[PDB]
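Peer 1: with the input below, show me the fold.
(chains A and B)
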Amino acid sequence: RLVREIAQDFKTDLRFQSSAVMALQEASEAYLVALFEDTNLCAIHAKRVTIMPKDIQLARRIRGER
DNA sequence: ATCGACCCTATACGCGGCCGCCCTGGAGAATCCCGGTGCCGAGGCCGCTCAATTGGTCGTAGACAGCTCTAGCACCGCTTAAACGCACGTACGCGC
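Peer 2: Numbers count the residues shown, from 1 in each chain, chains lettered A, B, ... in the order given. Provided below are the atomic coordinates:
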C-alpha cells in the first residue's frame, strides 16, 4: 500500500505485478540492512552502542547520498 | 614577710607591602587593494577539404486495429500472529 501511494504521485491509474512489489521489497530491505550495518559502525566509532539519527546521516553523507 | 613598682618578654594588631587575579588599547604581522608593466595564450582571419547536404530508390520495422487470455484488483470472513500501550528499572548517553 505504501508503494501504491508513492506511485500515485508519479503517474495516475497504475497496476503492479505482484513480482514487482516483491522485488521492490527485496532491494529496500537489503538497502536498509546494509545501512544499519554502516550505522552501527558509526555509533561504535563514537564510543557509543546506541544508534542515533546523526549516525545514519553520517553514513549517507560518506556514501555521497545528499 | 608581704606588697608595690619596675623591667622584661610575649603577643596581638595594624597597617603596609607584595602577590595574584581580572578587565581593556595598541602593536604588529598577515591580508586585501591598487596602479604599473609585460607577455604569451586567446581570438581572428586565411585557405583548404572532407564531412554534411541533397536527391533518389528499396525494404522492413513499426504503427494500427483486432482478438484473447492471463492476472491484477476487489471483496469477504475467519483466525491469530503480530502490533500498541503501559510499567518498571537498569545500564548506557554525556557532561565534567
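
Peer 1: C-terminal to the longest helix anywhere in chain A, what's the next element?
Peer 2: Of all the elements of type helix in chain A, the one with the most residues (DSSP state H) is helix A:18-45. On the C-terminal side of helix A:18-45, the closest following helix or strand by DSSP states H and E is helix A:53-63.

Peer 1: give me the buried stretch members for that following helix, please.
Peer 2: If you call a residue buried by 16 or more other Cβ atoms under 10 Å, then helix A:53-63 has these buried ones: A:55-56, A:58-59. In this view, the C-beta of every residue, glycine as well, is placed from N, C-alpha and C.

Peer 1: which residues touch residue A:36?
Peer 2: By Cβ atoms under 8 Å, 6 or more residues apart in numbering, residue A:36 lies in contact with residue A:51.

Peer 1: how close does it sit to residue A:24?
Peer 2: Taking Cβ to Cβ, to the nearest Å as the criterion, residue A:36 is separated from residue A:24 by 19 Å.

Peer 1: quick revisit: in the longest helix of chain A, what counts as buried?
Peer 2: For helix A:18-45, the buried set under the neighbour-count rule, 16+ other Cβ under 10 Å, comprises A:35, A:38-39, A:42-43.
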